[PDB]
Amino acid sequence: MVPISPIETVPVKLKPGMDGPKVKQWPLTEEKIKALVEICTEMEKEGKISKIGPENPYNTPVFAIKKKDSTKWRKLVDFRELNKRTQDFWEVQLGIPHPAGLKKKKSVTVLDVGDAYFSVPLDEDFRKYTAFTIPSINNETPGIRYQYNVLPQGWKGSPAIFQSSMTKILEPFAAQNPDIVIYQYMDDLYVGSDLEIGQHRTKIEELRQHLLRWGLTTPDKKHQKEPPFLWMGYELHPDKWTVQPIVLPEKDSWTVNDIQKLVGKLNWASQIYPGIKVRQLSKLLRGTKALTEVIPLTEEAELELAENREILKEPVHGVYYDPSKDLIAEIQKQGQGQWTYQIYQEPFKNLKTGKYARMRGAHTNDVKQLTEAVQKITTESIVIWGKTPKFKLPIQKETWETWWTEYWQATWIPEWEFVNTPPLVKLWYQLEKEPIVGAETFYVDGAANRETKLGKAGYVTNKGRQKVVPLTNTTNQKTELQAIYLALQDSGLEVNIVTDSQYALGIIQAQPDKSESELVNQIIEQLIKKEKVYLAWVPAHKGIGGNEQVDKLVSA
């Protein structure tokens, strides 16, 4: 015989304080027992399990399940209890490759390594915890007791230990053959290269010889799987990729659950189909989670759905990454807090697409949202390609400059250029840094009673213009905004406004262009119409002329 290298075992512990399972074996029919005994006799002959004495106090239940449309039973050892008691492991498969970061390959071969899975020994000291019992016929003898010597299917640690054992075996082959890539998924190895097919098949036989150094055999009859590959919701081809078919159902009426499935499909589609939208469909899922409830589709959701069906009418594909070329990311505003983007290297050949939705918040503006979308695309791009794309953005250089130099927070967007494709992001208003000479000064205030919700808002000016309005169902905060609105409504194109409202200043200094508050929106619409606005703050209740007078009129 040829000596083979053993596969080093991973030491395994139960969680601190926990003992192994001691779970009662369920009674089985005479027919199932016979089948389990034969199944386990073969598993024992192959070294996977061993008979054990009666000292071992642990147990996990075993079942027999009829493989459908067959007279052949299958065994199921239910490790749910052992899994709760087994330590956590490092999971390598958490982050999966995105197809758009892959490289084009001339050849990809698949090798089955399912038999290798059983050459992976289980830590000797942990095996006792895997014990199970086949009941005896008529319960007239002791049940047959076995424990595992290999990684059991269904045990918490098997995927991580198997993958880590195979990676360690493969590392030297991958390092000394930088002209191929190797990727493990389930019980298959995928090997890609750009070599002429003869050298590629030579590498494959070398990989087979390498694996034999651990006694791992791979089937000679080459795998049935061949490009394209169905993998993690995608279709991988040698020189392009896409998502698996996106089929939006026809339906006369929609359920909560249906709509959740629809949004899931649209979100999956949006990584290569440009311009997918889900705002108006997601709005129907607000708050409620009664999976059977029927929701009428708005007219806006019907249009969105209709626009998406058009986008999905025919297949679209992405190309793979060429590390020798720059990555470019282009972003468009779509409306209603929705943004869309394409990442490409050659014009008209996208690597991938995507979308970004406005965060939930009281007030927002387009520049902030664009910035957030840039940071999300940057982060995704670091993950997929390890570098930041160059950005093509629908905002003028001078607008950006004005924004970031005057904004109260630090902000930054990496290297970018203006793309003149409407709608452009712009600054809708900009307040003055100094009081305006010749503009009327409005001293504004409002007040409300917390009990009757009755309030007053108003202003007085240096020209003797005055207004007070009585209000119902209102609050101190609302009346303070209402007073600023009245001053904007009644002033000319240039106005100085003096408020004592720290709340109103906090909102306006955030520079919103849209709001959940219809009052803030009304104020924004007035600001857009002005030529010059200076907003000044003073402290309340300090004898400041103008402010003192209007405070008295509105708190009466």
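In this text, residue numbers run from 1 along the sequence as written.
Mean CA B-factor, 14-22 versus 528-536: the higher value falls on 14-22.
Once the C-alpha B-factors are averaged per stretch, 315-323 and 370-378 rank with 315-323 first. Based on the entry's C-alpha B-factors, the most elevated value among 523, 505, 64, 493 belongs to 64.
When the C-alpha B-factors of 431, 151, 195, 276 are read from the PDB record, the largest value belongs to 195. Compared with the other modelled residues of the chain, the Cα B-factor recorded for residue 87 ranks in the middle third. When all modelled residues of the chain are sorted by CA temperature factor, residue 305 is found within the highest third. Looking at the C-alpha B-factors along this chain, the one for residue 390 belongs to the lowest third. Residue 501: CA B factor in the lowest third of modelled residues in this chain (values from the PDB entry). In the deposited entry, the Cα temperature factor of residue 401 places it in the lowest third of its chain's modelled residues.
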